[PDB]
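Below is one structure, written out as structure tokens; comments come after it.
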Amino acid sequence: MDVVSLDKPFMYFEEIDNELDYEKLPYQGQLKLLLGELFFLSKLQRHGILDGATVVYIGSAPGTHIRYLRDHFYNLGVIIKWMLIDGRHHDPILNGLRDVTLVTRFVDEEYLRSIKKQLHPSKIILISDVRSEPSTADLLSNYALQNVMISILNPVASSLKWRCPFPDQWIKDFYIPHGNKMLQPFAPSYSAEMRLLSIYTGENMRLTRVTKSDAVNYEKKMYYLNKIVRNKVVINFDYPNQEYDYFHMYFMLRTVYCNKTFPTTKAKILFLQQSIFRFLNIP
Ligand SMILES: Nc1ncnc2c1ncn2[C@@H]1O[C@H](C[C@@H](N)CC[C@H](N)C(=O)O)[C@@H](O)[C@H]1O
């Protein structure tokens, strides 16, 4: 790989500063979700709005990684209820947890109102990973449902699956919530998917229009990220693995809270990475 010297990785989509014409690890998908959701919830923990909240995770099955998330915050003493909702059955490793409710159901508008009624007036934190290859109509339906999740559940914060339709498959302009577009380490080699992280103030979710020219910008920026940036070795990075994804993961993991104290920040991240990899059965 090509060597590079970096002070920090690209954490959000806006930071990608170049574009390029578009042209491995075991169970990487669970690792990708685990890192992004740890980053999202740890950010909420820093703001002091995670404690006392109920995390409603829609599209959570199989959700093997969710067991690690729950244990992590449980071992920190953070008071969270988990509500996992999916039409498919969850990983059995989530069984036997009293603070985790497993719901076997595909959510629609009517059901979203019911769960809001039972959880109200408690704080709701929304995580959506629903997916129905997917067509642009499938994505538009998914993003429409995620908008309905926010307008009905009215969460204090949300993490939403966000991948813009390809410009050569455009149908119509559509609307998505305001938020920060978190980039995902250990995503598929050429995935353009990101997570939309939103914290709602005055609970007025302002919607932004997405256009075909936005789709072109997403495609070219993400291809540059996947083809060039993620194939670099960060030679100044002090870590056993200097590949960009580990450099990217390192910066996400240093937002995580830990009960254990460590002599150095590197030791903490190394411990966290070993812990996450061991649970997910990654060498
Ligand atoms: N309307 C819906 N309500 C709930 N779950 C849905 C809906 N549409 C699709 N899904 C689920 O979304 C899931 C998509 C998965 N890629 C999610 C993986 C999951 N987040 C994991 O941690 O392993 C599937 O299990 C679908 O059953």
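With my numbering applied, the sequence shown closes on residue 264, and no number is skipped along the way.
Ideal Cβ positions, reconstructed from N, Cα and C, are used throughout, including at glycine.
**Message:** Is residue 132 near ligand 1 - that is, is its Cβ less than 8 Å away from at least one heavy atom of it?
**Reply:** no
**Message:** Which residue marks the beginning of the alpha helix (DSSP H) containing residue 62, and which one marks its end?
**Reply:** Unbroken run through residue 62 is the beta strand (DSSP E), 62 to 67; no alpha helix (DSSP H).
**Item:** Helix, strand or coil at residue 171 according to DSSP, with G and I counted as helix
**Value:** Coil.
**Message:** Quick check: is any heavy atom of ligand 1 less than 8 Å from the C-beta of residue 46?
**Reply:** yes
**Asked** Does the Cβ of residue 123 lie closer than 8 Å to at least one heavy atom of ligand 1?
**Response** yes
**Beta-carbon proximity check, residue 25 vs residue 180, cutoff 9 Å** = yes
**Message:** Pull the bridge partners of residue 148 from the DSSP assignment, please.
**Reply:** Residue 148 pairs with nothing; no bridge assigned.
**Request:** Figure out for me which residue from 96, 199, 217 and 128 has the closest Cα to the Cα of residue 149.
**Result:** 199
**Prompt:** Is it right to say residue 71 is buried, meaning 16 or more other beta carbons lie within 10 angstroms of its own, or is it exposed?
**Reply:** With 16 or more neighbouring CB atoms inside 10 Å of its own CB, residue 71 falls in the buried class.
**Request:** Identify, in the order they occur along the chain, each residue of the same chain with its Cβ nearer than 8 Å to the Cβ of residue 235, setting aside the five sequence neighbours on each side.
**Result:** Once the five neighbours on either side are set aside, the close Cβ partners of residue 235 are 246, 249 and 250.
**Request:** Consider the C-beta atom of residue 105 and the heavy atoms of ligand 1; say whether any pair is separated by less than 8 Å.
**Result:** no
**Request:** Alpha carbon to alpha carbon, how far is residue 133 from residue 6? Give it in angstroms, no decimals.
**Result:** About 38 Å.
**Request:** Tell me whether residue 43 counts as near ligand 1, meaning its Cβ is closer than 8 Å to at least one heavy atom of that ligand.
**Result:** Yes, the Cβ of residue 43 comes within 8 Å of a heavy atom of ligand 1.
**Prompt:** Should residue 17 be counted as a contact of ligand 1 given a C-beta to heavy atom distance under 8 Å?
**Reply:** Because no heavy atom of ligand 1 lies under 8 Å away, the Cβ of residue 17 does not count as near it: no.
**Request:** Please specify which runs of the alpha helix (DSSP H), each continuous and at least 4 residues long, are wholly inside the region 23 to 84, giving them in chain order.
**Result:** 47 to 56
**Request:** Using only the heavy atoms of ligand 1, determine whether one of them is closer than 8 Å to the beta carbon of residue 260.
**Result:** no
**Message:** Between which two residues does the alpha helix (DSSP H) holding residue 153 run?
**Reply:** Careful: residue 153 lies outside any alpha helix (DSSP H) and carries neither H nor E.
**Prompt:** Quick one, are the C-beta atoms of residue 212 and residue -18 less than 9 Å apart?
**Reply:** Yes, they are a contact pair.
**Item:** Range of the contiguous alpha helix (DSSP H) that encloses residue 121
**Value:** 117 to 134
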